[PDB]
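With ideal geometry, Cβ positions are generated from the backbone for all residues, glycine too; neighbour counts draw on all protein chains shown. The numbers here are math on the coordinates, done by the rules we state, and not lab data.
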Amino acid sequence: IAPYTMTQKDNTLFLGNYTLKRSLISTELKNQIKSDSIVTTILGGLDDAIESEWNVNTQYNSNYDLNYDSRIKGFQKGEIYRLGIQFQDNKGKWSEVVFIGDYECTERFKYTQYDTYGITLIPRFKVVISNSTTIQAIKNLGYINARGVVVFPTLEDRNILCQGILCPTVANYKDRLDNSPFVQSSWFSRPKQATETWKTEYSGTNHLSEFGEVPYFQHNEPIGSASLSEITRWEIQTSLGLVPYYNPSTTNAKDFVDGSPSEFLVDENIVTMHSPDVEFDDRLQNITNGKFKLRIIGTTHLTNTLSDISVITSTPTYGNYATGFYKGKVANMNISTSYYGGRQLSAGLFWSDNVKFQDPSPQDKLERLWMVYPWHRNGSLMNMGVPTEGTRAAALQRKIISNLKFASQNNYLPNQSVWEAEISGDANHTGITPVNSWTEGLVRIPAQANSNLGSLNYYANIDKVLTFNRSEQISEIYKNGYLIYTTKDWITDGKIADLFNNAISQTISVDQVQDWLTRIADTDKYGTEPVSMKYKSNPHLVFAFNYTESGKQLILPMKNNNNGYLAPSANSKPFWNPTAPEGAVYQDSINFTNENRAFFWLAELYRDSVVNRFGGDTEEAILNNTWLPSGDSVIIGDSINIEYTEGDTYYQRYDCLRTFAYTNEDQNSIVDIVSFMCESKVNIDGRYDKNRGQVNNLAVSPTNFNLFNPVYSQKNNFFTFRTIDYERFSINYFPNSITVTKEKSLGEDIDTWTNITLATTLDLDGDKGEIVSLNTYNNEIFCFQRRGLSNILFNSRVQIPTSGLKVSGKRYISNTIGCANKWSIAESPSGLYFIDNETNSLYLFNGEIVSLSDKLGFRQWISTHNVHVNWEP
Amino acid sequence: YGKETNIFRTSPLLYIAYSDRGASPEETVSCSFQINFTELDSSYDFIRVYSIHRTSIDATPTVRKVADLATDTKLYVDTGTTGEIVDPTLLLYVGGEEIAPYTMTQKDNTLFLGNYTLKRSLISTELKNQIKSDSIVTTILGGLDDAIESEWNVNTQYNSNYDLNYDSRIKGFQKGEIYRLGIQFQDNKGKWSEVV
Amino acid sequence: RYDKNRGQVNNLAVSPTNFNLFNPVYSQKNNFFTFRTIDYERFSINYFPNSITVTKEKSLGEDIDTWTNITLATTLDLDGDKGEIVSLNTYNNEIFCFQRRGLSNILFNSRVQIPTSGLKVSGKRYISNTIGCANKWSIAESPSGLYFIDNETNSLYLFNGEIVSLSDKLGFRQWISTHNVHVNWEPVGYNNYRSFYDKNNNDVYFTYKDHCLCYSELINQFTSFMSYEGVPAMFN
Amino acid sequence: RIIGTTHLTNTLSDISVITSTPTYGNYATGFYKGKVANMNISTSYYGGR
Ligand SMILES: [Mg+2]
């Protein structure tokens, strides 16, 4: 401030008629700075740059970025950021912001997991100003340093809504055809495979079950099969692999589905996006038909899978000396063995009991091995059914399976090969139905364009009982029920691990055992009881690709023209769409060769058109915006080189609990997790539960698994600034105003006089005049004004003047007499001698004003020697 | 540092609800209201925004001072975070009354005004009756600015006709009902006259 | 309706506890700003001669001018059996109100406890229940006090804490008793007096249509009958 | 006074059956859920059903 006069009472300083010195920047220089800014996007990192804590010699490494600074933040590649720059004075006072423009990022995050370490690259903007004239002007304004300052986008003006994997869905034959569920969320995450060498693995003795099972991920491939060469893939027990295609000349849709109404098909035309924003940001769990566009940006490098199994039976084993639940080895491998990526624990020989013969012999110490599927029969794990004497033997009570696919790295597509669902002018590439957030219940997906079907119906909390209706349509042997699969021979020498491993080869149905053609009853070799399907899911986003202009289905593309959809035979139509074109399916391919393992198509939902992003690009919206700091302060030398270190986007590990148990006492439950790296505006590493990176994952749930502490997702909100208009008139002159400092502590701290806060101001009457002078006489401050004289009450005792440091109101002594030339004031023991030019007198204040000129006869001398110009040396 | 006009405009009632359902009495909603200014009086330095918030029926609302915006801005979105919770009773003291005083003083930066006449401008009964005779009132079938609700289609098992994403102008009039109608007039300040 | 059991095919466990839950608040009218009819022939008064409004202390910050915002929320009414509020004046940090037959001191921003050895407008304090000015324009503010001419009492007073009749003290009772009229002052035709003050020489001019009586605070005596009559304004 | 009608187009129906004792047939199916009226508004002919 620029005051005009001062006093001093009770170790306190007064300052009156002060001007607030605000140093602003001219619009010309602001525009020159905004023209001279050479802004670019760079791929920078942290000072360490090598994360040796993470290695491929582990089943799981949690990329934890909370041991570092908040400079871990980067910038979303396809996002618009309103950038700026500040300048610092010699004192540390930061100037206003200089808006330099709205600029789009051009570099993505990049994490590469090497053998013994990993390197994460954080995209950062970089402003370069080299015009020496502008720099010299900035220096002439008293500035030394500079800093990056940004306005981050809100959820409404964001281009990208979120980023996450795409999961195929599943649908029961009956229910597609009754639309009661149509499409429904999968128990299991179904990733695509990079090659077709797994098809030859499921033939003969090539497939060892310790590698893990690749799920049924093809588009219309039924979830099941009759080929024993791939028996470990069977996810449901009442499934016979009926293709979802029928000849309309032969059979109706109903009669065709009635051969296997409890069969499921996969559906990549309707996917389920899983991002951390939906689970952690509750604003994305309420979307209702959000018009967005989809683009697949990258893949996930699946390397291993953490699987578990648990079997509890209500009744004991049939064999009195039986083993019972046997736990084999499935997929529990480190990241280094990356070939067996995207593989699960689906089915296997998880049981071992004697055989239920017509002539019962539980006394034998021999043992077969029996198949146990995810959704298993509501009965005995071994061969039994319709017990004739009471309860069943080895009856199932509670089985549950866990899986945690670990994506150790994400490989992002080149910009050319990025896949856009909607390409204008392309008949095949139609768009995406309005996005829908599933939280608890029913979600009607809107109608998909170029399809005479209606609006589809979707459920992710399934409480279903699947029944096998017996018929000879698929094969004759199914007029008695679904077969029971066991090992070809008994456990020969205690080698139950090798026999478990070679389940693809050493497996045969009970009836086909040529030695057991007459020793087993018809009721103890055919299974004819339901399957209890029960599982829940978490919040997510579900949408659907629109049909092509020809009427076909638009589908997730296939990498390197590998592992395509199930093509229908000639003249065969889908059972949910008899009036479909030939083929009824369209799938494109992405030529990506940097991915050689299983993956999930990593996509981003984006809004193409965004009007008035930050309120406007006009100076007003920028004035109405709230800015945030970004980066360290650097010195201004021959050039200004800023680096925006802190943004709003993270790059952290997200464990998506896709599926969990409907109840804790149901027979068949499934748990499915997909641990992968993703970008988010929410700090995913603020998760505070210890159920991370464990192989059990059996009792996990949204009550335990994804607990979150929001506070770590905090911005630099404390110190915030904004733009100012140079041409705007905001006053800085207060002639009738008195500031008051704090009483001097006279201790080892700052000088309170030098710290002016304007927090104890006092304004005198403005219709008398400006504060010409402030003076103190006999413990009391008296203020001279151009046409006034007052007494500033300060530190007067509370109650009586005479026979608490708060600056009380003023007390006016004369509303018409006041000094106009401060320099005619002389302090003395007797009073204050001042000369008022307006009244043409020489006064003396000693409690009462006395005109000495009139008393002693000097009126003429003063009336002839008065002038308006103030004193100056 | 100067004058203040009366409330020249009040928006229709806006519904703080979800895009597909209502909100329970105890739920907070993630909504935001876009205010589009057009042809403002640039002579004024600022334009002020208020928000009368009702959480029940005929309850004391919660008035909030949203912002003190410049008069040359053309858009503002009101997130519920920012704003000072002012007393609801000072929405009647905006601008104030119009008086004809007779003498004045000035103490402690305060103004006194004595022997004052309250200038109330009324309308004559003759003009009221002429307005009531000259009124040609009729009923029309109008709609909203959109006039096409593409969200609802016959390709669904059920579409909920949801009218809370729009203004309170969704309201109409019962066909066989009697309504006592009227009309007001506004001064140059934004003060609304009586009803005719 | 705020329940999510809407438009679902199950509808098996629905009940009035779940299905038709309701939030009444959305059924709200535009009740905040409401008006009503008024009768033109009805007599509702709008004239308050004995009434003083008080504005808020000027913040002197970037907001409205409190003086222009009149709310009538801090009113104060003087006694009506003396007369209307002819003039309000301030002298030495205190407001003094002239009435047609009264003179008061409006207590405002006096410290709470003792006058001498909290901005609320406390009650009035009457100085004289019978002396009061009737022509506002004969009032002149000066360091010494308030020179006003009361036509009813036929005197030329000076208030400096205590009322002093200068006309009686200095012998001007007849001159004022012969030059008094009831019509108020107005610039076209002078009828009553019009008081100014020369701040540069402490001279007070009680102007009239045919004379100008001058008074000097330097000697506390009248000086002359100046030829400054019929002048609408005289100021510093 | 009757002023108008309602354009019925579809009906959302459901069914649930729970039995205390099991089925008589040891290999029986039990509760079978058929298709009834769960259609879109476009198929308006089967309205009020
Ligand atoms: Mg193409």
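Kirkwood-based Rg over Rh for the range C:110-236 (C-alpha set), two decimals?
Using only Cα positions, Rg/Rh for the range C:110-236 is 1.02.
Return a whole-number percent for the relative contact order of chain B, with Cα pairs under 8 Å and 6 or more residues apart as the contact set.
23
Where Rh denotes the Kirkwood radius from the mean inverse Cα pair distance, what is Rg over Rh for the range A:433-555?
Result for the range A:433-555 is an Rg/Rh of 1.17.
So what is the diffusion coefficient of the range A:500-612 in µm² per second by Stokes-Einstein at 20 °C and 1.002 mPa s, using a Kirkwood Rh over Cα pairs?
Result for D is 105 µm²/s.
Gap in Å between the Cα centre of the range A:365-390 and the Cα centre of the range A:302-334?
Measuring centre to centre over Cα atoms gives 15 Å.
Per the Kirkwood treatment, what hydrodynamic radius in Å, one decimal, follows for the protein assembly as shown from the mean inverse distance over all distinct Cα pairs?
Evaluated on the protein assembly as shown, it is 39.8 Å.
Short version: ³J(HN,Hα) in whole Hz for each residue of the range A:597-610, in order, from phi by Karplus 6.51 cos²θ - 1.76 cosθ + 1.60 (θ = phi - 60°), x for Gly and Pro, what are they?
10, 5, 7, 10, 5, 8, 10, 9, 8, 10, 10, 5, 10, 9
Would you pull out the residues with amide H under 5 Å of C:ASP150's amide H, same chain only if 5 or more places away, H placed 1.01 Å from N?
Here C:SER155, C:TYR157 satisfy the definition.
Past the 28 angstrom mark, what percentage of all C-alpha to C-alpha distances in the range A:167-324 do you count?
Of all Cα-Cα distances in the range A:167-324, 40 percent exceed 28 Å.
For a footprinting-style exposure proxy, rank C:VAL183, B:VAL66, A:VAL150, A:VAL634 by other Cβ within 10 Å, fewest first.
The most exposed by this proxy come first: C:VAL183, A:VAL634, B:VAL66, A:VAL150.
What is the percent of Cα-Cα separations in chain B that go past 26 Å?
57
Where the centroid of each part is defined by its Cα atoms, how far is the range A:467-537 from the range B:48-80 in Å?
Using only Cα atoms, the two centres lie 70 Å from each other.
Once you order the gyration tensor axes a ≥ b ≥ c over the Cα atoms, which shape class does the range B:95-142 get: rounded for a/c under 1.5, otherwise prolate or oblate by comparing a/b with b/c?
oblate
So who's got an amide H within less than 5 Å of the one on A:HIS301, skipping anything under 5 residues away but keeping other chains? H placed 1.01 Å off N, in plane.
Here the answer is A:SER408, A:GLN409, A:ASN410, A:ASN411, since their amide H atoms fall under 5 Å of that of A:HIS301.
Please report Rg (one decimal) and Dmax (integer) in Å for the Cα set of the range C:10-66.
26.4, 76
Going by how many other Cβ atoms sit within 10 Å of their own, how do A:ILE504, B:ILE136 line up, fewest first?
Arranged by neighbour count, lowest to highest, A:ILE504, B:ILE136 become B:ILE136, A:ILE504.
Please turn the phi angles of the range C:20-35 into ³J(HN,Hα) values with the Karplus equation 6.51 cos²θ - 1.76 cosθ + 1.60 (θ = phi - 60°), one per residue in order, whole Hz, x for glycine and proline.
Karplus values, whole Hz, x for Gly and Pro: 10, 5, 9, 10, x, 4, 5, 8, 10, 8, 8, 6, 4, 9, 10, 10.
Identify, among A:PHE357, A:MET384, A:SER338, the residue whose Cα sits farthest towards the positive end of the charge dipole of the range A:259-385, taking +1 on the Cβ of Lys and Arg and -1 on the Cβ of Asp and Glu, with the dipole about the Cα centre.
Looking along the dipole axis, the top candidate is A:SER338.
What number, rounded to the nearest 500 deg cm²/dmol, is the helix-based mean residue ellipticity at 222 nm of the protein assembly as shown, given -39500 (n - 2.57) per DSSP H run of at least four residues and division by all its residues?
Rounded to the nearest 500, the figure is -1500 deg cm²/dmol.
Which whole-number percentage describes the relative contact order of the range A:322-377, with Cα contacts under 8 Å and a sequence gap of 6 or more?
Here the relative contact order equals 38 percent.
Taking the number of other C-beta atoms within 10 Å as the exposure measure, put A:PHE719, C:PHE108 in order starting with the fewest.
A:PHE719, C:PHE108
Could you tell me the distance between the Cα centroids of the range C:1-76 and the range C:119-185, to the nearest Å?
What the calculation gives is 49 Å, centre to centre.
Can you pull the percent of Cα pairs in the range A:594-725 with separation above 25 Å?
54
Using Cα pairs closer than 8 Å and at least 6 residues apart in sequence, work out the relative contact order for the range A:470-610, in percent.
It rounds to 17 percent for the range A:470-610.
Size of the dipole of the range A:191-299 about the Cα centre, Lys and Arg at +1 and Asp and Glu at -1 on the beta carbon, nothing else charged, in debye to 20?
So the magnitude is around 440 debye.
Quick one: which residues, 5+ away or cross-chain, put their amide H under 5 Å from the amide H of A:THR7? H built at 1.01 Å from N.
A:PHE14
Compute the projected area of the convex hull of the Cα atoms of the range A:289-352, averaged over all viewing directions, and report it in nm² to one decimal place.
The orientation-averaged projected area of the Cα hull of the range A:289-352 comes to 8.6 nm².
Can you check how the C-alpha radius of gyration of the range D:1-45 compares to 2.2 N^0.38 Å, as a plain ratio?
Taking the Cα Rg and dividing by 2.2 N^0.38 Å, one obtains 1.96.
So what is the diffusion coefficient of the range A:714-873 in µm² per second by Stokes-Einstein at 10 °C and 1.306 mPa s, using a Kirkwood Rh over Cα pairs?
My calculation gives 85 µm²/s for D.
What list of whole percents do you get for P(r) of the range C:2-155, with Cα-Cα distances grouped in 5 Å bins up to the one holding the largest distance?
Binned Cα distances yield the sequence 1, 7, 11, 12, 11, 11, 8, 6, 5, 4, 4, 4, 4, 3, 3, 3, 2, 1, 1, 0.
Per residue of the range B:48-53, in order, report the coupling 6.51 cos²θ - 1.76 cosθ + 1.60 (Karplus, θ = phi - 60°) as ³J(HN,Hα) in whole Hz, putting x for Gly and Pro.
Rounded to whole hertz, the list is 9, 10, 10, 8, 8, 10.
Between rounded, prolate and oblate, where does the range B:50-166 land on the alpha carbon gyration tensor, with a ≥ b ≥ c its root eigenvalues, rounded for a/c under 1.5, else prolate if a/b exceeds b/c?
oblate
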